[PDB]
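One structure below.
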Amino acid sequence: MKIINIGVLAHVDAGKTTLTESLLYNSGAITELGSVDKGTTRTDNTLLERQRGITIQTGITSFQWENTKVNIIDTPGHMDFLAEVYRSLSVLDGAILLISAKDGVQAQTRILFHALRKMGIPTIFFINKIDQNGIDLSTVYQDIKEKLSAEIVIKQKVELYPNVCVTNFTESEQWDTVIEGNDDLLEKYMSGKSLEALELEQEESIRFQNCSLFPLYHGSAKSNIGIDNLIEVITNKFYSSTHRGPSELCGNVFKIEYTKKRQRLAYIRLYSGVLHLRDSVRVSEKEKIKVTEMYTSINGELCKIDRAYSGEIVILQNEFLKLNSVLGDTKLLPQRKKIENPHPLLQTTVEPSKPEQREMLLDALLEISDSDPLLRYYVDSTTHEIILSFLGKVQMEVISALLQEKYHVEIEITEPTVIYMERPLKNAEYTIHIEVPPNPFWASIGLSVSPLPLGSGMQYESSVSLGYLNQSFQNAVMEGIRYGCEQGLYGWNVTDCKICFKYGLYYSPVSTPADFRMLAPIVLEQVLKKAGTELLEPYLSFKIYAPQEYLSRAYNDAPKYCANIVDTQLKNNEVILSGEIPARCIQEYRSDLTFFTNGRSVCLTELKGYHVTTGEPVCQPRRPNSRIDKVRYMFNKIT
Amino acid sequence: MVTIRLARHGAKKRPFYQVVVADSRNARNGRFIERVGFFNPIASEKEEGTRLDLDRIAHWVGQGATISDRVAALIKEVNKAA
Amino acid sequence: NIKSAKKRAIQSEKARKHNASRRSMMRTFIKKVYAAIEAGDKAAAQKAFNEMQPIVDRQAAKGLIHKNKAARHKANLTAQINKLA
Amino acid sequence: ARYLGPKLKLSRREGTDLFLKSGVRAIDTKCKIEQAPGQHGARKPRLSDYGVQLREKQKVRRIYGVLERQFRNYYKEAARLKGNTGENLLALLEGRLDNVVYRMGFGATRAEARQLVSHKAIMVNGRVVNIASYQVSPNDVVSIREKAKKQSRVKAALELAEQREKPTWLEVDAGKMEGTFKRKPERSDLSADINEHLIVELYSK
RNA sequence: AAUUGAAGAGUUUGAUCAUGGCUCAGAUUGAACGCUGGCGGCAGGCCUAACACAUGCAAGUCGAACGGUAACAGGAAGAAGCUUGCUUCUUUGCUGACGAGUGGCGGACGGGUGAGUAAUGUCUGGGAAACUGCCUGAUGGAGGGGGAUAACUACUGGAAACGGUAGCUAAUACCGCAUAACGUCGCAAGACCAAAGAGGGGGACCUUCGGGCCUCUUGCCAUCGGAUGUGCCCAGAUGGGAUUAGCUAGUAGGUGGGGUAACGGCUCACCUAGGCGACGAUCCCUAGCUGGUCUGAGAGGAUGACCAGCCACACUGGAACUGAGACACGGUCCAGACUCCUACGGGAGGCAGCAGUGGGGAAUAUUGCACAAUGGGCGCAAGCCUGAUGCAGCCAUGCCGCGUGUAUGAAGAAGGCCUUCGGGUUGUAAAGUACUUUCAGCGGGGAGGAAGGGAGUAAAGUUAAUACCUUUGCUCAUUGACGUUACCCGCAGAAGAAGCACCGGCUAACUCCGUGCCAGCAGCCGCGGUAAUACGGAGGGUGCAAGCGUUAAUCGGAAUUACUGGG
Numbered sequence: 001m002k003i004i005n006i007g008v009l010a011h012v013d014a015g016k017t018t019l020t021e022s023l024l025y026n027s028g029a030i031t032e033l034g035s036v037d038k039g040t041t042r043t044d045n046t047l048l049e050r051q052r053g054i055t056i057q058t059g060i061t062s063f064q065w066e067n068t069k070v071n072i073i074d075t076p077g078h079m080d081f082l083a084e085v086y087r088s089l090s091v092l093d094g095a096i097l098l099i100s101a102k103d104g105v106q107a108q109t110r111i112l113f114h115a116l117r118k119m120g121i122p123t124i125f126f127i128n129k130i131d132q133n134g135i136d137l138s139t140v141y142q143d144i145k146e147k148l149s150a151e152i153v154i155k156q157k158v159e160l161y162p163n164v165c166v167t168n169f170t171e172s173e174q175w176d177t178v179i180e181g182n183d184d185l186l187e188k189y190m191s192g193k194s195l196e197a198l199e200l201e202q203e204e205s206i207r208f209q210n211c212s213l214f215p216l217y218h219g220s221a222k223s224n225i226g227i228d229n230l231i232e233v234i235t236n237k238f239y240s241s242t243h244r245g246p247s248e249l250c251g252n253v254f255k256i257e258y259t260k261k262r263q264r265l266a267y268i269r270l271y272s273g274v275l276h277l278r279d280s281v282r283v284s285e286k287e288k289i290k291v292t293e294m295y296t297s298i299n300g301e302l303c304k305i306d307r308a309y310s311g312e313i314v315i316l317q318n319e320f321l322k323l324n325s326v327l328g329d330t331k332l333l334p335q336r337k338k339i340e341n342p343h344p345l346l347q348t349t350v351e352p353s354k355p356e357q358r359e360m361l362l363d364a365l366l367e368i369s370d371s372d373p374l375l376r377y378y379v380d381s382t383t384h385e386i387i388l389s390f391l392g393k394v395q396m397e398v399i400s401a402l403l404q405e406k407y408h409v410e411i412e413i414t415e416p417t418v419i420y421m422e423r424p425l426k427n428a429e430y431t432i433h434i435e436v437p438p439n440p441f442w443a444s445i446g447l448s449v450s451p452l453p454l455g456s457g458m459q460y461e462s463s464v465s466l467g468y469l470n471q472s473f474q475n476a477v478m479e480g481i482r483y484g485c486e487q488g489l490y491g492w493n494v495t496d497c498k499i500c501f502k503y504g505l506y507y508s509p510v511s512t513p514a515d516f517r518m519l520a521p522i523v524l525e526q527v528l529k530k531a532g533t534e535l536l537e538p539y540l541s542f543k544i545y546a547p548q549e550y551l552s553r554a555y556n557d558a559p560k561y562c563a564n565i566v567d568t569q570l571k572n573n574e575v576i577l578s579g580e581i582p583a584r585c586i587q588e589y590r591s592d593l594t595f596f597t598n599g600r601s602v603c604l605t606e607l608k609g610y611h612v613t614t615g616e617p618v619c620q621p622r623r624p625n626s627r628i629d630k631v632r633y634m635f636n637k638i639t
Numbered sequence: 001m002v003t004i005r006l007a008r009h010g011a012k013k014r015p016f017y018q019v020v021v022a023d024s025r026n027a028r029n030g031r032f033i034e035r036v037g038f039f040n041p042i043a044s045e046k047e048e049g050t051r052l053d054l055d056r057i058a059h060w061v062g063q064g065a066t067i068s069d070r071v072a073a074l075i076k077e078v079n080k081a082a
Numbered sequence: 002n003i004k005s006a007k008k009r010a011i012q013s014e015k016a017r018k019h020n021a022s023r024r025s026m027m028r029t030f031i032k033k034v035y036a037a038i039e040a041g042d043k044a045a046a047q048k049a050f051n052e053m054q055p056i057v058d059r060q061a062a063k064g065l066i067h068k069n070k071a072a073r074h075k076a077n078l079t080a081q082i083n084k085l086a
Numbered sequence: 001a002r003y004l005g006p007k008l009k010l011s012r013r014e015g016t017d018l019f020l021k022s023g024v025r026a027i028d029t030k031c032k033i034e035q036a037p038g039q040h041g042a043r044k045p046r047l048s049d050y051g052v053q054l055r056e057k058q059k060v061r062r063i064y065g066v067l068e069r070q071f072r073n074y075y076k077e078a079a080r081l082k083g084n085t086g087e088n089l090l091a092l093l094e095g096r097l098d099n100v101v102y103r104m105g106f107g108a109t110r111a112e113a114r115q116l117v118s119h120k121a122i123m124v125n126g127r128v129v130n131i132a133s134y135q136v137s138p139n140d141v142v143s144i145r146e147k148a149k150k151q152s153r154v155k156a157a158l159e160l161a162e163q164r165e166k167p168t169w170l171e172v173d174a175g176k177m178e179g180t181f182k183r184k185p186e187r188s189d190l191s192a193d194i195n196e197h198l199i200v201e202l203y204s205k
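Residue numbers (the authors' numbering), protein chains in the order written: chain w, 1 to 639; chain p, 1 to 82; chain t, 2 to 86; chain d, 1 to 205.
Below, the structure is given as structure tokens:
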């Protein structure tokens with residue numbers, strides 16, 4: 001009834017989406033341009049994508065061949081913000097990796113491929129760009145075997161020349177190990193004697209349902225050879241859609257996009273049943289939501305539809321639609337999820353241009369939140385500086401170009417807050433005095449801050465005896481000490497404090513908890529003036545995994561980084577090491593591993609150990625503090 | 001054209017017509033010359049059923065006012081000998 | 002706008018054609034009369050008025066003229082042609 | 001709608017006896033009446049004019065089980081009437097079907113009567129009625145349907161009514177639960193303790 | 001019988017008494033927001049952008065006006081199979097009927113919105129110089145001819161939209177001619193002015209067999225009426241601003257000519273120089289008006305959402321045409337802005353109709369069902385059409401009703417909170433025990449909104465006629481969107497249903513702990529710097545209740561704009 005979804009894992013800029021376009025041409029017309037070199041339609045959709053020379057996000061395009069539906073999406077294999085492509089895995093059961101002719105499959109492709117192995121769903125190899133010099137007619141496929149780590153075998157063979165053989169093979173005698181894995185095919189193999197290719201084709205279909213091995217493929221789309229029959233393999237080999245219509249209807253959103261004329265479009269697949277046009281439907285928010293409009297995204301043009309077929313995917317407008325929201329409720333599926341294995345891929349500052357336009361720019365950032373799920377930001381800074389969770393080099397170019405296109409704002413930042421923490425240098429006596437020699441309030445105390453071990457945090461004790469400490473008086477001194485911990489003389493946050501209160505003279509008639517509480521901060525700044533201070537910085541551990549052959553070169557990175565050498569161990573061909581470097585220089589470390597590994601590099605880290613010390617000059621980030629009474633008295637204390 | 005016609009009023013699910021002379025172009029519950037009695041469909045048998053001021057009606061009959069089907073039925077129901 | 006009852010448009014034009022033509026010829030006979038008046042030929046005047054009377058009553062009966070305008074023409078036009086005659 | 005709470009605390013607040021837990025047994029003394037409104041019931045209130053007014057109005061409401069809104073409606077209905085507002089308000093509150101049923105003895109307390117009427121046990125003039133706010137017109141005949149006649153509770157609940165003063169403005173068959181409402185009750189019949197004056201005051205402002 | 005009706009409080013001070021503002025207690029709402037939320041009834045639901053609008057529908061109907069017959073159903077000349085009358089099947093408007101087409105009618109109503117409008121509007125009362133399709137009264141006419149054209153065929157233009165030339169044809173379309181009056185003009189004499197026929201049934205007679213003739217029904221033309229509707233005129237009333245004092249040249253009048261259904265600077269020609277204005281002309285800002293709504297003892301003040309009358313507008317600006325009626329919401333033309341189509345030659349569009357979308361906004365609903373009822377359009381009627389209307393969905397938005405159980409129940413329990421630890425209080429509350437089932441859940445019955453209209457039959461009228469026709473009884477068959485209707489009966493089990501605000505004074509209702517002029521609260525006055533009755537929590541209490549608060553708004557209180565009723 002319906003048609004199975006098809007992926008497009010063009011890892012390392014495979015260009016597989018162009019293969020999707022040529023496939024869109026072969027499935028045509030009867031009325032279509034047939035596409036063209038570069039961009040070019042091919043469901044490029046948004047501006048800045050085809051102009052950029054690569055899609056900024058995965059698309060969609062209706063198609064038909066062999067009397068059946070054939071949805072497909074591409075490419076998202078670029079960079080870099082590939083997590084949306086991982087989101088695409090929920091959007092379809094099928095797959096079609098575009099293998100490079102350059103040293104077998106791209107190393108970036110291996111991550112999406114292993115992730116596909118995590119997906120639990122079927123996929124097939126494709127020998128893209130067969131019409132080119134240096135093609136691995138018998139070499140690159142071997143790289144595909146050594147890298148695939150499975151049991152994939154070619155369904156056809158070809159070499160050229162102008163040759164474009166496809167169905168002529170394949171794997172006589174030696175082929176059929178996948179059948180050997182099956183007890184039935186193993187039994188027929190036990191029987192001996194030659195047999196029809198279809199007879200092993202049944203067991204090949206059985207293992208194919210399990211995705212035990214990727215189907216063979218060959219030929220470049222540019223040569224117009226094998227680009228058609230492989231699509232036929234995609235049509236026949238593809239798993240049947242789970243058509244039913246039994247109800248009740250259910251499903252979930254896969255992705256959503258903010259078209260400029262949209263203004264929004266929430267794509268969703270019909271996991272079961274069907275939704276009648278202009279009819280009410282269940283939502284994850286536990287509120288009614290009528291389907292006012294929906295239509296299939298045909299590659300030549302968008303088109304409206306009265307109702308969605310079961311197993312079909314289609315965009316739909318809505319007043320609201322949270323990502324992965326239930327359309328039932330509810331669908332039940334189990335799969336692993338990840339986002340480039342990072343909480344944040346090196347966050348960078350993004351202060352808006354202009355005094356007022358930046359405030360709208362934050363709304364533009366909210367619009368960015370509306371787009372790809374794999375992004376986050378918040379104004380953690382007191383200055384309300386932005387800190388995007390987005391990571392990667394080209395992806396920043398995508399968000400920036402998007403800022404320059406759909407919006408009218410831009411910013412340039414990367415350093416972000418140092419997150420420095422000042423600590424006391426040494427213990428020293430101090431006192432605000434007594435009575436009013438003096439300044440208000442009359443309350444005063446003899447604070448005695450002392451040095452503490454790193455990472456100990458703030459500490460204090462009620463050395464003062466009752467009732468001079470007061471059952472509800474000394475606590476104001478503690479909260480006031482915390483108020484003085486809010487910023488040091490350098491403006492850095494207080495750390496490793498050991499404020500042992502001692503003296504606490506006061507007069508009853510004029511004494512107030514607020515007065516002593518005001519007095520505390522003066523004692524804190526006073527002790528801080530005598531302590532001498534000492535800068536403290538984060539030094540989170542940074543585990544890393546790189547190939548052993550480059551492992552020596554990575555050692556060269558050690559000298560170039562503030563991070564100390566640490567224990568590490570081998571893991572097969574892979575190598576690993578436990579680093580430990582300051583967060584201030586840690587951001588460039590990803591670029592370093594990215595450069596030294598030739599993109600084969602990988603790493604992870606987490607913040608730890610506030611103690612560290614740093615140089616030079618003990619620079620500090622202003623500033624504290626304002627919007628509170630008594631600060632003028634503190635300014636008076638300085639002179 | 002002046003016409004005698006029910007004016008449908010009263011509550012929901014509880015219709016109460018007010019037979020009335022009015023121009024044919026006028027809105028149903030719109031402008032009219034003068035109401036002339038009333039009809040109560042859901043009244044059943046009690047103290048009242050359907051009043052109808054035959055004198056004015058007769059005044060409008062010789063005046064060219066075309067009586068509507070229902071109102072005609074009522075003119076029959078109030079009879080002239082029953 | 003698309004509407005089956007657009008026959009009123011083509012028909013109303015097909016009507017303004019004829020009706021306009023008639024209105025014209027009528028007012029032109031009337032003109033003939035006024036010229037007769039200005040020339041001072043009370044005889045030829047009376048003549049032209051006799052020549053136009055039936056064609057204004059005839060068009061007034063056909064609803065082209067409101068037979069007030071017709072009586073109006075007959076009124077003052079006569080007041081003139083007989084004020085001189 | 002209904003209060004449905006501690007139907008005896010109110011009696012303590014009003015300091016008298018709202019007959020809310022008039023019940024089957026007679027006098028209570030099972031709640032420490034008067035000197036125990038609550039945690040601070042030992043307090044002697046300064047009691048402002050407003051205080052006595054409000055307190056009065058509430059007493060009366062808690063007697064007949066009418067809420068504020070419906071009440072104020074009864075008030076406006078009393079002011080728009082003839083005679084004198086004071087007699088009116090209490091005559092209209094007396095007209096409520098649950099009240100008349102209560103007077104007949106058809107049910108122990110007044111809330112019991114209410115729960116009886118609401119479940120179609122009561123039938124006036126052959127026309128069965130649910131609403132308690134149904135105003136019983138003079139010269140009507142309230143009764144109990146056969147399918148709910150003499151069903152346990154009503155019996156003893158009517159044996160109770162024998163100790164009551166029993167109204168002269170209505171009568172009861174007692175032989176087949178077939179009562180008969182008559183004239184509108186005179187002022188010098190009901191109450192003679194709850195003060196209509198203060199209630200008239202309260203809504204006058 | 002029909003307005004029997006007017007309340008005060010806090011805060012200036014050490015205290016008083018005045019003056020004088022501020023604030024509260026009421027009622028109200030097209031309300032929003034927070035928290036909570038069971039049901040039913042009746043209402044209400046874009047007050048901001050008269051912003052831009054995808055898609056569907058919102059105005060058609062008449063074969064009893066006509067030529068037709070493109071479909072469909074029956075009939076007939078003939079046709080083919082084959083159980084030769086059972087079937088196959090081509091012709092045939094010849095009937096039932098009915099696309100496109102001509103013609104009539106409607107489309108100027110119904111529905112929307114309130115941008116413009118300070119009077120060209122509205123309201124009140126009068127008025128004369130008017131018209132008025134349909135409906136209806138009265139009196140007459142209804143004679144006799146012609147020429148066209150759509151359709152339709154042939155050809156051809158254009159991608160479409162949409163025609164072009166040449167032929168053929170009809171009418172209740174069009175057009176002379178006869179014909180006329182109490183009609184039009186005129187003093188009269190005199191002059192001139194109109195039209196249409198169709199359907200049902202039928203004895204004789206008459207049939208070139210097209211039918212003539214008889215009769216009933218209806219439509220047609222003229223006039224005078226009636227009713228209704230509309231145009232017009234005047235007076236009074238109908239916001240604020242003088243920090244707007246002068247404005248006006250078709251302006252004010254006259255005379256004559258034209259013009260209108262009609263009076264009139266309505267418009268020209270000339271003549272006189274007037275006209276309006278301090279009882280506010282002009283200019284400016286704001287505004288649809290009214291019946292009414294809210295408030296108020298009243299006088300008043302605010303408002304005019306729904307309902308109803310009127311007026312104005314229909315993307316913007318302008319114009320006329322058709323017609324009884326528009327200078328026209330779903331017509332025309334023109335320009336413009338804005339969207340889309342294209343083969344780029346040119347075309348299409350107007351949701352302030354109902355739904356719906358984006359945008360705006362604190363904020364407002366279904367792309368529902370049906371013409372069953374009322375009303376409208378058309379038609380002889382049947383019927384068709386109808387987003388008017390009737391219902392339904394939605395939202396506690398409001399008003400109103402009900403439920404969330406009733407009775408018994410001291411160990412005066414546990415837990416909670418408080419305490420002088422003696423106890424109290426939560427508390428008859430709970431559990432226990434006995435009943436009850438409304439309302440929802442489930443299963444059965446079941447009103448009323450329906451009157452009509454059709455078929456038939458008898459009778460009385462009509463008439464040459466026991467025929468048709470009209471009317472009245474009378475028979476059968478029936479017409480419900482709401483609708484798994486209201487309502488009743490039965491089933492099970494207390495079973496599925498209580499929150500919100502407040503507790504210093506004003507203002508109904510208090511304590512304990514946490515915090516310490518901080519955190520906070522606050523309508524006003526004010527609290528917090530101590531076992532705070534004012535903050536936060538708890539316990540308890542009060543108020544209201546499917547709501548309770550808060551905010552915004554109007555009036556009241558406010559005799560603080562005083563006319564009633566002050567200085």
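We put the beta carbon where it would ideally sit given N, CA and C, even for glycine.
Taking the straight line between their C-alpha atoms, what separation do you get for residue i and residue j?
i	j	result
w:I152	w:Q142	11 Å
w:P509	w:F473	14 Å
d:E196	d:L89	8 Å
Assign residue i to buried or exposed, taking buried as 16 or more other Cβ atoms, counted over all protein chains shown, within 10 Å of its Cβ.
i	result
w:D279	exposed
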